[PDB]
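K.L.:
Before I ask anything, here is the structure I am working with.
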Amino acid sequence: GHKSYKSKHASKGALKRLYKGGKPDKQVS
Amino acid sequence: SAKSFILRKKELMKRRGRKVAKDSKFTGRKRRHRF
Amino acid sequence: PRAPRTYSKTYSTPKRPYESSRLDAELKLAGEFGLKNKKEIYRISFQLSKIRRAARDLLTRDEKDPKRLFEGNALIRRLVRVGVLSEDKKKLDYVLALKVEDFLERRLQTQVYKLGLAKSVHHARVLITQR
Amino acid sequence: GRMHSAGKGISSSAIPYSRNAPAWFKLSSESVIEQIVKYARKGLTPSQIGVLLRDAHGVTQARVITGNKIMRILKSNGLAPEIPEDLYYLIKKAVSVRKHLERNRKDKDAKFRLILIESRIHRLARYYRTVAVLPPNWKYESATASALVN
Amino acid sequence: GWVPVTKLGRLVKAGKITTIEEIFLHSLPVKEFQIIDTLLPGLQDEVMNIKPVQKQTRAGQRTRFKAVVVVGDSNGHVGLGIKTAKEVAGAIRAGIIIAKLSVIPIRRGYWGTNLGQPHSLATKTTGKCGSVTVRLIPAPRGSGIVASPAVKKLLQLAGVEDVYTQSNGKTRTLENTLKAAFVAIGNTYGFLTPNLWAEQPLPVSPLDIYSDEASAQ
Amino acid sequence: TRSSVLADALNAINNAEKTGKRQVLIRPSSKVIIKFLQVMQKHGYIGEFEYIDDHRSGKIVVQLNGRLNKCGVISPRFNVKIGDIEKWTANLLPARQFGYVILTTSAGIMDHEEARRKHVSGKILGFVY
Amino acid sequence: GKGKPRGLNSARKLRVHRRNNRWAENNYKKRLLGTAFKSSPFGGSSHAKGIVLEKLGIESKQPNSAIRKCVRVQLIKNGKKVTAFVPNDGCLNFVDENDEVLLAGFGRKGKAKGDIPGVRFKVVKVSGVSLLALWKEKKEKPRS
RNA sequence: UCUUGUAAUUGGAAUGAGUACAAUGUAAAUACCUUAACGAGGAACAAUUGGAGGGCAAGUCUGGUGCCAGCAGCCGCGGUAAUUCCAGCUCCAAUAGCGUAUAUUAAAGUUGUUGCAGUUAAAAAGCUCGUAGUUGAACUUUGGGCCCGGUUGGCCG
RNA sequence: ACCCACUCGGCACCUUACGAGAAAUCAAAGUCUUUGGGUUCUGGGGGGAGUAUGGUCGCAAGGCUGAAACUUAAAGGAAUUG
């Protein structure tokens, strides 16, 4: 087999293989 | 599957070369019924 | 609002409580002196460590420093008068090589046994507590 | 290495271990001084004057023969220019590449080298107005430097 | 009865050399182990670890046993050996052979002043072999050996009494921990303390002056 | 660029000794390089050294003789209160008896055994053992 | 070298480089934001007391069973609902509905002696008595 | 011929937990200190809390319950994703203490100033310029001579 | 133009380990438990997640900056063996 690509956050090409297949925050005073 | 795990690692330390006690029929039992 | 009466612990449990070498070493001490619990060895090994630690920081200090001369001769006087050292080892380099059994030898129940009067080490203890 | 590139060349000149006037020269001391101020009156540049003595008149270097450097000789006799030697030449290069740059709009490489030259001007200028040679602002802007060179 | 087979066997058979200081000062390369049995007695022997390791073949399975043994008498002399043998009994015998062959002096010192039969190491010294670092720090009297039980047994065997032993890395490996400690106390003698700054009398390496009776028969 | 020239000399000595050289050329030369070497020489760690004087900054040839386990520089020169001398030598010397850490005091460049006899202190300069 | 400033007037960088990198911790970041006070079922508390609602058959498997199943309990202060853990069978007859148990964290686990995922709150006391003493026949639990 | 262990073998001594004249104590009491009198022969006057693949200290222990399309068939053996289902015996540690939960510290060099790491494991900006910031070559009284009075070891006592 | 010798500055190549590394391998990844030449950036187990939210630059496509709750005992990298 081949050595895989590695990154901490998934690459945009790899999200396209996956994905294609509001209340704002509050800081309490 | 607790008995399967306790035996599986035990002969591994034969090959690693350390002391380990020889077994009997308490190997995979709850030694203590709990609180 | 009265002043808080100061207190401090006089014993320290070991960091490694389960070692077969030391567990047999302390049990040997307990049987031959008749010690009720292992705190008695813990207490001696606490104050022995305090004596060695104090004398160790004096030895980093140079010669003829009056802090070393005053505190050092005070520590030699206190151990000899109790009896832990002999009269021929009155130097700071020998108090580092003290042993736990030296302190236990100077106890009362150990000393009353060495002076007759007991016929066994456990009889020495139970005689003393009966006043 | 270099200031603005990845070169690391060590070509230089080696001043000899003889701080005093070699024997075969023995011409004079004051005669080169009147030679120096004669060449400065022609309109020359203090590097060009020093290189032309040793190519022609055998002056090994003007620091040892005269006792003073060439800048201090010209300043004593009042022939010094307004801006110094090298700061003048940096502007003269920066003007010419900028005149080149307006002629060729799509020269991306001249645009980069102009940034390098103008950066090298500012670092030199901050040195001179620190040692109080220029007026204490002297404000190098792009347009007026064309007038400053001619 | 041991039959001498090397040149150094003739050196010890006539008994013209008795102390280990002469052979170790020039650091003579020693090939055989039998000259130390006939010269230095009292070597205490302790087997450290025995394990089976396997070798996969085309059809069958060939196994062997790897044993590590550390040997010292009681003081200043220690050796560690590595040996893989076909049987557990021969691994002990061949393990001691290579361990005694790898003997090295240990240079002791004092934590404080230089009085009364040195108890500890001289200098801070380290040893590393494959991401296992063992550091040894000298300790005063009564401090004992504060070390790993294998290293404590190794240091008890070498002849030291007062050692601090701080360690780094994934030191769960036993065969790397021992030889890292072995090369550390091996590095202690390689260190040059200024007490040895006086020039040596330059011995003549007496192998040559006794070569008339140490040559071939 | 060449920030500290004491780091250059002490590195050149340690690189030369480990590989078994007999002498090493040190450039540039300094007051602090010269006064460092004289403490190392007087304690027998290095041998004899000669100053080559061209007009620029000098060069030094140091005849090595072994018997030098390690020498090094401490950068930056930390302010050493006289009570922190003992805390320093525990960190960067092999034993307690031998080994010297070198201090710039107001009484000149000197080691630590000499400084505590004079009862002075200053900035740390380096170490030798 | 070593990738960090080292000169003698660089304490501002060394002080504020540490402050930003400390935010990539886990104990430090969880402490300063006070997530014990905002998200955890225990409001930073060691123990919590809660009303049991129902008991679940979260069993080891079907009939041939290693019986370790427990209940669904709502904490009384924040009103959050958590899953509990009771010890061995024979204590399920003690825990009826609405008993106001006092429960603590479970925490440590090995590869034996309780490997149930999704539970971290063992039940220490039921109806204000115990579970150790109630199992070992020291006392009795009053019925509601 | 002199030294230890064992026993439903045996013998007398000693003492405080308690009760309590009295006295001390205290503003008055309680309690401590002292003490006339009573007060030990084991189910008495009875110590618990945890733990046994390693950590790690401590089992080639026992009984019972439920299942096996497994061997054998008077009995049994083995398995049992029953993660041992329920009890007991034995052993180990601490000890009038012991366990659990949360928080924090050490272990820890996983906050790294001392003292981490970035080719391939988390991590070197796509590249260069550039202000604050940080850092910045060597160099200017070095050496020699004179005496003086000190604190340490000694040949000396 | 070519040959020989030297030198300065380059892109690289081969051998080796005085050293270094987990190993592949490295004249730098060396001169680091014997740890300090100067200085910038980045990282602190895996999913949730380059997601939510705010700000910003862009006509747009987008880019830059960028979390937490919760869950999990893994997640990896180097070389060989059947």
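The numbers here are math on the coordinates, done by the rules we state, and not lab data. FYI the Cβ positions are ideal-geometry reconstructions off the backbone, even for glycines, and counts take in every protein chain you see.
K.L.:
In nanometres, what is the gap between the two model label sites at residue A:19 and residue E:50, each 7 Å from Cα along Cα-to-Cβ?
P.N.:
Label-label distance for residue A:19 and residue E:50, simple model: 6.4 nm.
K.L.:
Is there a simple number for the mean count of other chain Cβ atoms within 10 Å of the Cβ of residues in F:93-101, and what is it?
P.N.:
Other-chain Cβ atoms within 10 Å of each residue's Cβ, averaged: 5.
K.L.:
With viscosity set to 1.567 mPa s and temperature to 4 °C, compute the Stokes-Einstein D of segment E:106-199, Rh being the Kirkwood radius across alpha carbon pairs; µm²/s, no decimals.
P.N.:
96
K.L.:
Could you give the size of the charge dipole of the protein assembly as shown about its Cα centre, using +1 on the Cβ of each K and R and -1 on the Cβ of each D and E, expressed in debye and rounded to the nearest 20?
P.N.:
Dipole about the Cα centre, nearest 20: 5380 debye.
K.L.:
Related question: Apply the membrane-span-like helix rule to chain C: whole DSSP H runs, Cα extent along the own long axis of at least 30 Å, mean Kyte-Doolittle hydropathy at least -0.5. List the helices found.
P.N.:
The qualifying helices are C:39-60.
K.L.:
For segment G:81-144 and segment C:74-131, compute the distance between their C-alpha centroids and round to whole Å.
P.N.:
Cα centroid to Cα centroid, the span is 53 Å.
K.L.:
Over all distinct alpha-carbon pairs, what is the Kirkwood Rh of segment D:26-80 in angstrom?
P.N.:
It works out to 11.0 Å.
K.L.:
Using a Förster distance of 51 angstrom, determine the FRET efficiency expected from the C-beta separation of residue B:8 and residue E:98, and round it to 0.05.
P.N.:
0.90
K.L.:
Pairwise over distinct Cα atoms, reciprocal of the mean inverse distance: report the Kirkwood radius of segment G:3-75 in Å, one decimal place.
P.N.:
17.3
K.L.:
Looking only at segment G:48-144, where both bridge partners belong to it, what percent of the DSSP beta bridges are antiparallel (to the nearest 5)?
P.N.:
Expressed as a percentage, antiparallel bridges in segment G:48-144 total about 95.
K.L.:
For peptide G:5-15, what's the mean number of Cβ atoms from other chains within 10 Å of each residue's Cβ?
P.N.:
1
K.L.:
Please list, by residue number, everything in segment G:30-57 whose backbone N is under 17 Å from a paramagnetic label point 7 Å out along Cα→Cβ of residue A:28.
P.N.:
G:30-45
K.L.:
Can you sort E:174, C:69 from fewest to most other Cβ atoms within 10 Å of each residue's own Cβ?
P.N.:
C:69, E:174
K.L.:
Applying the Karplus parametrisation 6.51 cos²θ - 1.76 cosθ + 1.60 with θ = phi - 60° to the phi angles of segment E:13-23, what ³J(HN,Hα) value in whole Hz is obtained for each residue in order, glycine and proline being reported as x?
P.N.:
My calculation for segment E:13-23 gives 6, 7, x, 6, 10, 10, 9, 8, 6, 5, 6 Hz in order.
K.L.:
Can you give me the C-alpha center-to-center distance between segment D:6-31 and segment F:94-129, rounded to a whole angstrom?
P.N.:
One Cα centre to the other: 44 Å.
K.L.:
Please tell me the relative contact order of segment D:81-150 in percent, rounded to the nearest whole number, where contacts are Cα pairs under 8 Å and at least six residues apart.
P.N.:
38
K.L.:
Right, next: Please order C:18, D:127 by the number of other Cβ within 10 Å, starting at the fewest.
P.N.:
Ascending number of Cβ neighbours within 10 Å: C:18, D:127.
K.L.:
Rg and Dmax of chain G over Cα atoms: what are they, in angstrom?
P.N.:
Rg then Dmax for chain G, in Å: 22.4, 73.
K.L.:
Using only Cα atoms, find the angle between the long axis of helix G:11-21 and the longest principal axis of chain G, and express it within 0 to 90 degrees, rounded to the nearest 10.
P.N.:
Taking Cα atoms only, the helix is inclined about 30 degrees.
K.L.:
Could you run the Karplus curve 6.51 cos²θ - 1.76 cosθ + 1.60 with θ = phi - 60° over segment G:98-114 and give me ³J(HN,Hα) per residue in whole Hz, x for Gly and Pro?
P.N.:
Computed from phi, the couplings for segment G:98-114 are 6, 10, 6, 7, 10, 10, 10, x, 9, x, 5, 8, x, 8, 8, 6, x Hz.
K.L.:
Under the definition of partner shielding as Cβ atoms of other protein chains within 10 Å of a residue Cβ, what is the mean value for peptide E:105-112?
P.N.:
3
K.L.:
Mean-square fluctuation check for chain G, GNM, Cα pairs under 10 Å: which of G:109, G:13, G:55 is largest?
P.N.:
Top of the fluctuation ranking is G:13.
K.L.:
What fraction, in whole percent, of alpha-carbon pairs in segment F:1-68 exceed 16 Å separation?
P.N.:
43
K.L.:
Could I ask something else about it? Amide H neighbours of residue E:125 under 5 Å, at least 5 residues apart or on other chains, H built in the peptide plane: list them.
P.N.:
Long-range HN contacts for residue E:125: E:136.
K.L.:
Please grab the % of Cα pairs in chain F that end up more than 18 Å from each other.
P.N.:
Of the Cα pairs, 52 percent sit more than 18 Å apart.
K.L.:
Further question on the same structure: Could you give me the percent of Cα pairs per 5 Å distance bin for segment C:17-131, shortest bin first, beginning at zero and ending with the bin that holds the maximum distance?
P.N.:
2, 10, 18, 18, 16, 14, 11, 6, 3, 1, 0
K.L.:
Further question: Could you list C:21, F:121 in order of exposure, starting from the residue whose Cβ has the fewest other Cβ atoms within 10 Å?
P.N.:
C:21, F:121
K.L.:
Once each part is reduced to its C-alpha centroid, what is the distance from segment E:108-166 to segment D:70-135 in angstrom?
P.N.:
68
K.L.:
Let me ask you something else. As a test of the formula, what do you get for chain D when each DSSP H run with n ≥ 4 contributes -39,500 (n - 2.57) and the sum is divided by the residue count, at 222 nm and rounded to the nearest 500 deg cm²/dmol?
P.N.:
-16500 deg cm²/dmol
K.L.:
Restricting things to Cα coordinates, could you compute the convex hull volume per residue of the protein assembly as shown in Å³?
P.N.:
469
K.L.:
First measure r as the distance between the Cβ atoms of residue G:61 and residue G:136, then evaluate 1/(1 + (r/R0)^6) with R0 = 30 Å and state the FRET efficiency to the nearest 0.05.
P.N.:
0.60
K.L.:
Further, regarding this structure: Under 18 Å from the 7 Å Cα→Cβ point of residue E:199, by amide nitrogen: which residues of segment F:1-41?
P.N.:
Zone members listed by number: F:22-23.
K.L.:
What is the projected area of the convex hull of the Cα atoms of segment C:1-58, averaged over all directions, in nm²?
P.N.:
6.7
K.L.:
A further question on this structure: Out of every Cα pair in chain D, what percent are spaced more than 19 Å from each other?
P.N.:
65
K.L.:
For chain C, what is the relative contact order in percent, using Cα pairs closer than 8 Å and at least 6 residues apart in sequence?
P.N.:
Dividing the mean separation by the residue count of chain C yields 22 percent.
K.L.:
Roughly what % of DSSP beta bridges within the protein assembly as shown run antiparallel, to the nearest 5?
P.N.:
Just about 95 percent of them are antiparallel.
K.L.:
Right, here's the next one. Mean shadow of segment D:82-128, computed from the convex hull of its alpha carbons, in nm²?
P.N.:
3.2
K.L.:
While we're here: At 222 nm, what value in deg cm²/dmol follows for chain F if DSSP H runs of at least 4 each add -39500 (n - 2.57) and the sum is divided by all its residues, to the nearest 500?
P.N.:
When only DSSP H runs of four or more count, the value is -9500 deg cm²/dmol.
K.L.:
If r is the Cβ-Cβ distance from residue C:126 to residue C:30 and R0 is 22 Å, what FRET efficiency results, to the nearest 0.05?
P.N.:
0.90
K.L.:
To the nearest 500 deg cm²/dmol, what mean residue ellipticity at 222 nm is calculated for chain E from DSSP H runs of n ≥ 4 alone, each contributing -39,500 (n - 2.57), summed and divided by the residues?
P.N.:
-8000 deg cm²/dmol
K.L.:
Sticking with this structure for a sec: If you bin every alpha carbon distance in segment E:140-191 into 5 Å steps from zero, what whole percent lands in each bin?
P.N.:
5, 19, 30, 27, 15, 4, 0
K.L.:
Where does chain E land on the Kirkwood hydrodynamic radius, alpha-carbon pairs, in angstrom?
P.N.:
19.2 Å is the Kirkwood radius here.
K.L.:
For segment E:1-105, what mean projected area does the convex hull of the alpha carbons give, in nm²?
P.N.:
8.3
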